[PDB]
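Two separate entries follow, structure 1 and structure 2, each one form of the same protein chain as C-alpha cells.
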Structure 1
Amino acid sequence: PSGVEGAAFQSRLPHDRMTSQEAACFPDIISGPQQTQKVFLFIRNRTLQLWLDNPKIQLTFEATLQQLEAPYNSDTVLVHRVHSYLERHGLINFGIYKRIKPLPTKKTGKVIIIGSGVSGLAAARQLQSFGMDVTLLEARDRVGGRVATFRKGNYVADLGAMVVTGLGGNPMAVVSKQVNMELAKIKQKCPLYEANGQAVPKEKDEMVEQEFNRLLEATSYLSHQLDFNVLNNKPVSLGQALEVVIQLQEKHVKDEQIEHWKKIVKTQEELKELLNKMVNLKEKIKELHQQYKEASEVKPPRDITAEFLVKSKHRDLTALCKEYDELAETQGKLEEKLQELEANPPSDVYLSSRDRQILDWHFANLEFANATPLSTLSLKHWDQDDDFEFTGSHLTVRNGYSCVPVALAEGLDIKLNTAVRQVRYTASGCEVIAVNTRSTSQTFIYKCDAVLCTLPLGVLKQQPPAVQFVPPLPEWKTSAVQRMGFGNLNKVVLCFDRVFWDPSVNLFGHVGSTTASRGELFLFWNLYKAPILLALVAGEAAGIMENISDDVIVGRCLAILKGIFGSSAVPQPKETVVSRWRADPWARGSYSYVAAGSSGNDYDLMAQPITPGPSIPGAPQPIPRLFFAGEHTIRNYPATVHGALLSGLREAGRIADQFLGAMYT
C-alpha cells in the first residue's frame, strides 16, 4: 500500500473505515454524515504519513496543520483532536525522537513501572512525554528484560529475542529508523542433517515438509469441521490432534492394503471356479472321445442308429471343445489380471522411521516458534493471531537487539537491582515495596498515583508468589494467569576462532533420533559478524536441558557439528553461553502461548486494569490504580517484541487519559 493508505496499513488501521477506538473518541463523527467520516479518515491517515516519513523528529500540531492542503486544513479543531488522539495512543510521536517542544519542568501525577523490558520502557517514554513523573523498578542489573544480548569483544549474540517479523505494519520499522539497528534478511534455505551426519536429499526434504503442512491443515479441519475440540472433558491439544491424524493416515494405508488383497483373493477365487469347471469339462471330453472312438470302430456299412451315434458324438465333442476354448480364453484374462495386481501394490507405510524423524524436526521447529511442546497448545486457538501477521521477510539484529532497550532507556529514571516484593493499591494511591537484589535487607518504599505492572506471566504464575499484591488480585485476573500458558526455549552461543560452516547458509538443522529429543539442539543459526554458531533447544527438551551442565551441553553441540563438518574441522570453542529462561527468577520462561483450555480472551483479561475498593464505606467508585502491560497482555500480537512495545503504548495512553484527562473526547 502507498500514499495515505500505506500510512494506515503501517499503523495497523483500515484506511477506509473508523476503528472502535476512534469511534469512542469521536462519537460525533462516526454517527454523523458519511462525508465527515471521510474528512476524519484523511486527516488521520495524512498525519500518520507525516510522522512515518520522518520518525526522528516530533510531529507537532502546528507542523501538521502547516502541511495540510485545503479544505482539510480549515477545521483547525478537528485536526487538533485527531493529532492529540494519535499522540495519546502512541500512533505518532513514540520511541526515540528529537523533541521540538522541550519537556515542561512541572510534572503531573506519579507513576511507578515494574520492569524495564520493552513494554515497560515504551510506556515510560510515553508517560514522561505526556508530562508525568515516572520511575522504573528493575530487578536485573540491566534493561531489556527478555531482550538480552551477549557481548564480549566482537562477539555479539542474542540470548533472548532475535528476530524482527516483517516490516509491513510492524512498529519496529519506526524504531529501526530511530535506533542504529543493523537489520539483515534471513535466507530461508535450511539444509537438514540426520543423526549420522549425512544430509537430507531435496526429494525427502520437500516431501516431508509438504506432509507437515498437510498434517497441520488436517488438524484445522478436525477442529472447525468435525468439532473435535473436547475429549474426555479435557480440551484437545495440537499434539493430540496431530497424533490422531497420523494414526488415521496409518489406518488408511492399511484399509488400502487390505482392499488390494481382497481384490486378489476375489479374482483368485474366480480362477478356482473356472479351473474346476475346466478340469471337469476335460474329464467329460476325455470320456466322449473314448465313446466316439469306440463308435467309430464299428466299420461301415452300418445301420442308421450306429451312424447317428459317432456323428451325434462328433457334434457333442465339437460343442464341448468350443466351451473349453472359451473357458481357457477366460483363464488367460484372469491370469494376467492377477499379474497386474501383484505388480501394482499400494503404499507399504505412511511414513518410514527415517520419514518420521524428519517430520519430528518440523514439529520441533513448531515447538520452537510457540516455545512449548505441541501437547500444551490449544487446538482451537493456537493460531488465533495469524490474521495479524506483518508482510515482508523476517530480519535479524546484526548488532544485537539490546540496542533497542538501551536506546529507549535514555533519559529515564531506572532503578536497577531493585526487586519489587509487594504492590499495595488503595482508593487514595499506591505504594510499592522493593528490595536491593545485592543486599535483600535494604528496603525501598515508592508512593504513587498508579502502578504499571509489566512482570512476565511466568513471574505472575509463581507459587509461592514472588510478588504479593495487596489486596490480592481478583479471581477473574488470577484464573486467567493460571489458564494462560508460559513456554520455554533456550539458546546455546558457540564462539569460535574460524568459520568451518557454509557461509552462504544462515541456518541448518539436526534431525534427532527419537521423538522425545526432537527439540534438542535441532537448529543452528549463522547470522552474526564474528564466527558464532547459535544452537536452539525447544519443546520438552528445553525444560530438561536446564538441569544439564554447560560442559555437557557444549559437548553435545560439538558432537553434532563434528558428525556434519568432520571430526577435525570443529575446534574447541573460545566462549560459550547457555540460557536458562525457566530457572531465571525474573522470567520463569521464554514467552506465553495459547494453552489448551485458554483462548485469546485471557489476553484481554490480562490487560484489564484493577480498581481498588473504597477506603471509606459509601465513598464514590474509585479510580483504576493497577495497570498491566507486557507481551502476555496483547491478544493480537502476543509472544513478541512488537506486542510488548504496543502493550506499553496502550497502557501509557490509558493511564494518561485517566490521570491527565482527555481534551480530544
Structure 2
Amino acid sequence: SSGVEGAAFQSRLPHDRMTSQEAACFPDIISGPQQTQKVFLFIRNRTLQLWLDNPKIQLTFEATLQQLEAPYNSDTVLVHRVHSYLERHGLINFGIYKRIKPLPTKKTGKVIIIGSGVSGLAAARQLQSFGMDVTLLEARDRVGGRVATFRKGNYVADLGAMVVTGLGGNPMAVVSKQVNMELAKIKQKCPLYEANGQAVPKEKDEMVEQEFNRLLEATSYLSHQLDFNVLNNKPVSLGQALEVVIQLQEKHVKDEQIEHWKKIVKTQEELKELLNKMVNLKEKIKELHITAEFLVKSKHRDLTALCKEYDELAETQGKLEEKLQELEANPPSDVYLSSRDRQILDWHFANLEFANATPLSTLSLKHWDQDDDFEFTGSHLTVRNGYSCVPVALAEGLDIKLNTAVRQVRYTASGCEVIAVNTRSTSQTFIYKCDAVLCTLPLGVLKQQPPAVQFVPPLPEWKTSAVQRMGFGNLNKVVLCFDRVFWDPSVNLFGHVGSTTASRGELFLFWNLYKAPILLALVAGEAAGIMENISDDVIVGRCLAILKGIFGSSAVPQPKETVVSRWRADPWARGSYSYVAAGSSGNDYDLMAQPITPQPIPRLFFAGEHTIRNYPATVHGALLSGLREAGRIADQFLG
C-alpha cells in the first residue's frame, strides 16, 4: 500500500527504514529481530496515515489502537510507544485541531517564547498541548512576523511569505487543510519586456535562459567536481564563480574569431600570390608570338603546354575565391552576448538574487543550494485569502503579549528571567520568570549592532560566530491596487528587464493573483536595500512608468491603494531571511539550533527559519523548527 507508504513520504520519512532519530528513541527495536522492525515501521506509517487522513481532530492512542487491524491492534505497548513518539516530535497532533481529551487543569513548568511568528506559534501550541505554561512575548501589534498580509477593502496582498513551495512532504499541507486556506497554482509562463517595453521574442528568451542554466551548471561543476572553493584564502562566492565562467566563454569567442580571421588572411595571401604568378604566366604568353611547318607545330605544343598550365591555375583560383566567400559568409559570433542579451541574462541573475534574498557575490559557491535535496514535490501555490490566516489561526487560545519588546534574557542554573518594555510606553517594563526561554528572534535581530537584546550571561563564542558568519538577506515588494485589470489575466508573472547589471533587481518581476486587480512588483538584490531609501510615491511612479512602457501610457490608471515593504529597515526583522554566506555552511544552521546550558540543565532554546538546516528561509521550516524545540523542551522538563 502506497496508502501507508504515502503517509511516511508525506511526513518526510523513508517508508521502509528507521531514521537515526527513531534508532535513538527505540534502541531495542533497531538492535532486535528485524521482523519487529517491519512491525514498528508499519505502525509508524499507519498512525501517520490516520493523522494525515483527518488532521482536524486529535488522534489519540486509544483511537489509533481501535483503527489498527489484527495482529497490530494486539501490540498495545509498541503502539503506545510509537504514538507517544510521533506526538512528542510533532508528526501527529500538530497545528490546529479539535481536542478529544481536554487540557490538564494544572500546568507543569513555565516557558517564555520570544516572538510570535510561525516558529513561536507552532512551538507554543505544542508546549501548551503537552501541559506546560506558555507565554509568548511579541514586539509588533500583530502575530505572524514575516507572514504579513495587507488587508483593506477587498484588497488582500502578502508583503512577506506568499508561496507554498509544493505540497508533497510539506507540513503546510496539513495546516492548509486545518485552517481552510485556499491555495492556487501559479502558471509558469513569464514573458519578459525590455527597458523600452518591447516583448522579448520566444527564440531569444529560450536561448538566454539556456545559457543561464549552462552557466549555473558550470559553477556547480567547478565547485563540486574540481573543488574550486577557496581563492586567496577567501571562500568563493557564486557571483565570483559566475564571473569566471563568463570570462572563459568570452575568451573562447575571441579565440574562435581569431582563428577565423587567420583563415581569411591565409586565403587572401594565397589569392594575392596566385594572381601574381598568373600575371607572369600572362607576360610569358604575350612574348610567345627547320621547316615552316615544323615551327608551327612546335609553337603549338609550346602554347598548349603553357595553356593547360594556366587553365590549371585558374581552377586552383576558382576553389579559393569560393573557399574565401564561404569563410566571410560564415563568421562565428563576434561577441558572447550582445548588450541586449547580457541585460536579459541579468534578469535571470536578478531572479536568482530574489530566491536567495541577496546579491550573488555574497552567496557561498559550495553551499548556497545545500538544501536542494529536501525540496517538496508538486506545483508551487499562492494563498488566495492571504497567508496571515495561518498565524492568526495558530494564535487561537494562546497567551500572547503584543507590543512587548524583549530587551534582556537572563538564564541561570536555577531558572530564567526575561525583561521586556512596552513599545507604546517605553517607561513601563515587565519581568517574566520561567524555567525555559525559547528565542525565535530573526537572525537579523541577533546580528544587530548595537544589540537589540542583551543575553546575561553573554552567548558563548561558538554561537555568536555562527550568527556573524550566516547571511541575512533582503527582498521587498511594492503593492499596486487598481480598480480594473489592464494586464493579461491568463498570466500570473511577467518580467521587466533592467538597464544595468547593478540595478537588475529593480522592479524586475510583476505578479498578479487571478481576478484580484492587484500587481506586486519585486525588488531584489542590491536594489532591495537601496530602494528602501525612496518614498512610496516615487517608487510607485517608477512602477507605473514601467507598466506604461509595456501596456501603453493610456491603459495604466493611478492605483487606488499602495503598500511598500521595507524589511531591512523593519526593527523587528532587519531583513527578509537567511542565506548561506560565503564562509558559512549548513553546519551554522545546526549551531543556531543548539540550546545553551549555563551538569546544569539547558535553559535557552532557539527556533526560527535560521535554525533548520534542511528547510531554511521558509514558513514550513519555521514551523518545523518550532515543533522540534517544543519536543526538546518537553523531553527536558516533562521527560
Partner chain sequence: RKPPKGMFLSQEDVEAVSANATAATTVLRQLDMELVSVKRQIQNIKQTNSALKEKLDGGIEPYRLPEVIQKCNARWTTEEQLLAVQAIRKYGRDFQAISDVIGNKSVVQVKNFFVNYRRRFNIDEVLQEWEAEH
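Residue indices: 1-based, along structure 1. Heads up, when I say rigid core I mean the largest set of C-alphas that superpose within 1.5 Å between the two forms.
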The chain seen in the form deposited without its partner chain is the one numbered 2
Practice problem: Given a two-part rigid split of the chain between structures 1 and 2, flag whether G429 and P464 are grouped together. | Solution: yes
Treating the chain as two rigid parts, the smaller one turns between structures 1 and 2 by an angle in degrees of 10
Aligning on the rigid core, one finds that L320 shifts at its CA between structures 1 and 2, in Å, by 7.2
Aligning on the rigid core, one finds that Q339 shifts at its CA between structures 1 and 2, in Å, by 3.4
Taking the rigid core as reference, the Cα of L309 travels between structures 1 and 2 a distance in Å of 11.5
